[PDB]
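Trainee: Contents are CSV, C-alpha atoms; file name work_3.csv:
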chain,number,residue,atom,x,y,z
A,1,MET,CA,-11.0,26.5,19.1
A,2,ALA,CA,-10.1,23.8,16.6
A,3,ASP,CA,-12.7,23.4,13.8
A,4,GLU,CA,-14.4,24.9,10.8
A,5,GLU,CA,-17.4,24.9,8.5
A,6,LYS,CA,-16.0,25.6,5.0
A,7,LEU,CA,-13.5,23.0,3.9
A,8,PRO,CA,-13.0,19.7,2.1
A,9,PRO,CA,-13.4,16.2,3.6
A,10,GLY,CA,-10.6,16.1,6.1
A,11,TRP,CA,-8.1,18.3,7.9
A,12,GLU,CA,-9.2,20.6,10.8
A,13,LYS,CA,-8.5,24.3,10.8
A,14,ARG,CA,-6.5,24.8,14.0
A,15,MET,CA,-3.9,27.7,13.8
A,16,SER,CA,-3.4,27.4,17.6
A,17,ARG,CA,0.4,27.9,17.2
A,18,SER,CA,0.8,24.1,17.8
A,19,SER,CA,3.7,24.1,15.4
A,20,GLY,CA,3.7,26.8,12.7
A,21,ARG,CA,0.5,27.6,10.9
A,22,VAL,CA,-1.1,24.2,11.0
A,23,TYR,CA,-3.6,25.6,8.5
A,24,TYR,CA,-6.0,22.6,8.6
A,25,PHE,CA,-4.5,19.6,10.4
A,26,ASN,CA,-5.6,16.1,9.4
A,27,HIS,CA,-6.1,13.8,12.4
A,28,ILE,CA,-6.0,10.8,10.1
A,29,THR,CA,-3.0,11.6,7.8
A,30,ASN,CA,-1.3,13.6,10.5
A,31,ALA,CA,0.1,16.0,7.9
A,32,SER,CA,0.3,19.8,7.7
A,33,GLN,CA,0.3,22.4,4.9
A,34,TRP,CA,-0.9,25.9,3.8
A,35,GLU,CA,-3.3,24.5,1.2
A,36,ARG,CA,-6.4,22.2,1.3
A,37,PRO,CA,-6.4,18.8,-0.4
A,38,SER,CA,-7.2,20.1,-3.9
A,39,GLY,CA,-5.1,23.2,-4.8
A,40,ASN,CA,-7.4,24.9,-7.3
A,41,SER,CA,-8.8,21.7,-8.8
A,42,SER,CA,-11.3,19.5,-7.0
A,43,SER,CA,-12.1,19.0,-3.3
A,44,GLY,CA,-15.6,17.5,-3.5
A,45,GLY,CA,-16.7,14.5,-1.5
A,46,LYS,CA,-17.8,14.5,2.1
A,47,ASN,CA,-20.0,11.5,1.8
A,48,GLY,CA,-19.2,8.9,4.5
A,49,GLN,CA,-15.9,8.7,6.4
A,50,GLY,CA,-12.8,8.0,4.3
A,51,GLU,CA,-14.8,5.4,2.4
A,52,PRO,CA,-16.1,7.3,-0.6
A,53,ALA,CA,-15.8,4.3,-2.8
A,54,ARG,CA,-12.2,3.1,-3.1
A,55,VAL,CA,-8.6,4.0,-2.5
A,56,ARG,CA,-6.4,2.3,-5.1
A,57,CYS,CA,-3.5,4.0,-3.4
A,58,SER,CA,0.2,3.2,-4.0
A,59,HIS,CA,3.2,2.8,-1.7
A,60,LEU,CA,6.9,3.7,-1.9
A,61,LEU,CA,7.9,1.1,0.6
A,62,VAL,CA,11.5,2.2,0.8
A,63,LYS,CA,12.6,-0.4,3.3
A,64,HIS,CA,16.0,-0.7,5.0
A,65,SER,CA,18.2,-3.4,6.6
A,66,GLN,CA,16.6,-6.1,8.8
A,67,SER,CA,13.1,-6.2,7.3
A,68,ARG,CA,12.1,-8.1,4.2
A,69,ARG,CA,13.6,-6.6,1.1
A,70,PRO,CA,17.1,-5.6,2.1
A,71,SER,CA,17.9,-4.3,-1.4
A,72,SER,CA,17.1,-1.2,-3.5
A,73,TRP,CA,15.2,-1.3,-6.8
A,74,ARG,CA,18.2,0.2,-8.6
A,75,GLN,CA,21.0,-0.9,-6.2
A,76,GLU,CA,21.7,-4.2,-4.5
A,77,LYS,CA,22.7,-3.4,-0.9
A,78,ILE,CA,21.2,-2.0,2.3
A,79,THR,CA,22.6,-1.4,5.8
A,80,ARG,CA,20.9,1.8,7.0
A,81,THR,CA,18.7,1.3,10.0
A,82,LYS,CA,15.1,2.4,10.8
A,83,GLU,CA,16.2,5.9,11.8
A,84,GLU,CA,18.6,6.3,8.9
A,85,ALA,CA,15.7,4.9,6.8
A,86,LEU,CA,13.3,7.6,7.9
A,87,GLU,CA,15.4,10.2,6.0
A,88,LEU,CA,14.8,8.2,2.8
A,89,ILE,CA,11.1,9.0,3.3
A,90,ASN,CA,11.5,12.8,3.8
A,91,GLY,CA,12.8,12.9,0.3
A,92,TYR,CA,9.3,12.3,-1.0
A,93,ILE,CA,8.0,15.1,1.3
A,94,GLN,CA,10.0,18.3,1.1
A,95,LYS,CA,10.7,17.7,-2.6
A,96,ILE,CA,7.1,16.8,-3.4
A,97,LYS,CA,5.8,19.8,-1.5
A,98,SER,CA,8.1,22.1,-3.5
A,99,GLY,CA,5.3,23.0,-6.0
A,100,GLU,CA,7.5,21.5,-8.6
A,101,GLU,CA,7.1,17.7,-8.9
A,102,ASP,CA,3.8,15.9,-9.0
A,103,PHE,CA,2.4,12.8,-7.4
A,104,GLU,CA,3.5,10.7,-10.4
A,105,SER,CA,7.3,10.9,-10.0
A,106,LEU,CA,7.9,9.4,-6.5
A,107,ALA,CA,6.5,5.9,-6.3
A,108,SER,CA,6.7,5.2,-10.0
A,109,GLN,CA,10.4,6.2,-10.3
A,110,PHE,CA,11.3,5.4,-6.7
A,111,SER,CA,10.2,2.4,-4.6
A,112,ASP,CA,12.0,-0.4,-2.8
A,113,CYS,CA,9.6,-3.0,-4.2
A,114,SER,CA,7.3,-3.8,-7.2
A,115,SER,CA,5.7,-0.4,-6.8
A,116,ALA,CA,8.7,1.1,-8.6
A,117,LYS,CA,7.8,-0.7,-11.8
A,118,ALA,CA,4.0,-0.4,-12.3
A,119,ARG,CA,3.6,3.0,-10.7
A,120,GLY,CA,1.3,1.6,-8.0
A,121,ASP,CA,2.0,-2.0,-7.2
A,122,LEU,CA,-0.7,-1.9,-4.5
A,123,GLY,CA,-4.2,-1.6,-6.1
A,124,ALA,CA,-7.5,-1.1,-4.3
A,125,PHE,CA,-8.9,-3.1,-1.3
A,126,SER,CA,-11.1,-0.9,0.9
A,127,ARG,CA,-9.9,-2.2,4.3
A,128,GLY,CA,-10.2,-5.8,5.3
A,129,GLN,CA,-7.8,-7.0,2.6
A,130,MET,CA,-4.6,-5.3,3.8
A,131,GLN,CA,-3.3,-5.3,7.3
A,132,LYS,CA,-4.3,-3.0,10.2
A,133,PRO,CA,-1.3,-0.7,9.5
A,134,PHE,CA,-2.6,-0.3,5.9
A,135,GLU,CA,-6.2,0.7,6.2
A,136,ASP,CA,-6.8,3.4,8.8
A,137,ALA,CA,-4.2,5.9,7.6
A,138,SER,CA,-4.7,4.6,4.1
A,139,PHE,CA,-8.3,5.6,4.4
A,140,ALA,CA,-7.5,9.2,5.2
A,141,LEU,CA,-8.3,11.6,2.3
A,142,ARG,CA,-9.6,10.5,-1.1
A,143,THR,CA,-7.6,12.1,-3.9
A,144,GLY,CA,-3.9,12.0,-3.5
A,145,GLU,CA,-2.5,14.1,-0.6
A,146,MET,CA,-0.4,11.4,1.0
A,147,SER,CA,-0.2,11.0,4.8
A,148,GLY,CA,2.9,11.5,7.0
A,149,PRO,CA,5.4,8.7,7.9
A,150,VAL,CA,3.2,5.6,8.5
A,151,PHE,CA,4.3,2.3,9.9
A,152,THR,CA,3.9,-1.0,8.1
A,153,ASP,CA,5.3,-4.5,8.3
A,154,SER,CA,7.7,-3.9,5.4
A,155,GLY,CA,9.7,-0.7,5.1
A,156,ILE,CA,7.5,2.2,6.2
A,157,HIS,CA,5.3,3.2,3.3
A,158,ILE,CA,4.0,6.7,2.7
A,159,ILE,CA,0.7,5.9,1.0
A,160,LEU,CA,0.7,8.0,-2.2
A,161,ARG,CA,-3.1,7.9,-2.4
A,162,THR,CA,-4.9,8.2,-5.7
A,163,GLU,CA,-8.6,7.4,-5.2
Any chance you could put this one into structure tokens?

Mentor:
Amino acid sequence: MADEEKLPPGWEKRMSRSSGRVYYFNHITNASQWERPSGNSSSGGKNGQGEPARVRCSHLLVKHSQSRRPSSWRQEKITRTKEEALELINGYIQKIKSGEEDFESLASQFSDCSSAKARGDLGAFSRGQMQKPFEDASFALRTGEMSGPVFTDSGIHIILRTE
């Protein structure tokens, strides 16, 4: 079995030893964890389908060589390739999921673009505005859980998610 009837909008309780205690696996964000998208705070919603109202999510970008912005926000050089660039993303995953830092110290103080200047240099759109690879996954959840390693024209993006 792979379902439930007592959880927030998103993630599906599996626990079928498909990795290591999937504990609610999101088919949209493709992320895993041992805690629902709320953590003793708020998990309301469950209205439509990823379109509760808006998203106004951010993006870390963090692009590498051969792309668009071959330069860091603090530095001024980039050579690492896609693979080597993937590691740069994990940094905002294992560290963020350390119950230490919040979701306001990754894209605001780290981002290979304008994002690393105004916290979230992305804004809200609600599909249609952005590109394909910036709507579906970006529609997952509706609070700020962030999805796995996505794929966008520039860099890779991690979708911080806010609303």

Trainee: From the options A:148, A:99, A:9, A:133, which residue's atoms come nearest to residue 32 of chain A, counting only C-alpha atoms?

Mentor: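 Looking only at the distances to residue 32 of chain A, the closest residue turns out to be A:148.
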
Trainee: Near residue 21 of chain A, within 10 Å and counting only C-alpha atoms, which residues show up once chain neighbours fewer than 5 positions away are dropped, as a list in words?

Mentor: residues 13, 14, 15, 16, 32, 33 and 34 of chain A

Trainee: I'd like to know which of A:47, A:98, A:41, A:75 is closest to residue 112 of chain A, using all atoms listed in the file.

Mentor: A:75

Trainee: Please measure the separation of atom CA of residue 17 of chain A and atom CA of residue 149 of chain A, giving the value in Å to one decimal.

Mentor: 21.9 Å

Trainee: Using only C-alpha atoms, can you tell me which of A:42, A:26, A:19, A:65 comes closest to residue 155 of chain A?

Mentor: A:65

Trainee: Find, counting all atoms listed in the file, the residue in A:158, A:93, A:140, A:124 that gets nearest to residue 29 of chain A.

Mentor: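 Counting all atoms listed in the file, the residue closest to residue 29 of chain A is A:140.
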
Trainee: To one decimal place in Å, what is the distance between atom CA of residue 86 of chain A and atom CA of residue 10 of chain A?

Mentor: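 Result for atom CA of residue 86 of chain A versus atom CA of residue 10 of chain A: 25.4 Å, one decimal.
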
Trainee: Counting all atoms listed in the file, I want the residues whose atoms come within 8 Å of (-15.1, 17.9, 1.2) in the file frame, returned as a ChimeraX atom specification.

Mentor: /A:7-10,43-46

Trainee: Would you please work out which residue, of A:143, A:18, A:111, A:105, is nearest to residue 36 of chain A when using all atoms listed in the file?

Mentor: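 Residue with the minimum atom-to-atom distance to residue 36 of chain A: A:143.
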
Trainee: What is the distance between atom CA of residue 159 of chain A and atom CA of residue 147 of chain A, in Å to one decimal?

Mentor: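 Computed distance, atom CA of residue 159 of chain A to atom CA of residue 147 of chain A, equals 6.4 Å.
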
Trainee: Within 10 Å of residue 58 of chain A, counting only C-alpha atoms, which residues qualify if same-chain residues fewer than 4 places away don't, as a VMD selection string?

Mentor: chain A and resid 107 to 108 115 to 116 118 to 124 138 144 146 157 to 163

Trainee: Closest to residue 113 of chain A among A:72, A:152, A:81, A:129, using all atoms listed in the file?

Mentor: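 Going through A:72, A:152, A:81, A:129 one by one, the smallest distance to residue 113 of chain A is for A:72.
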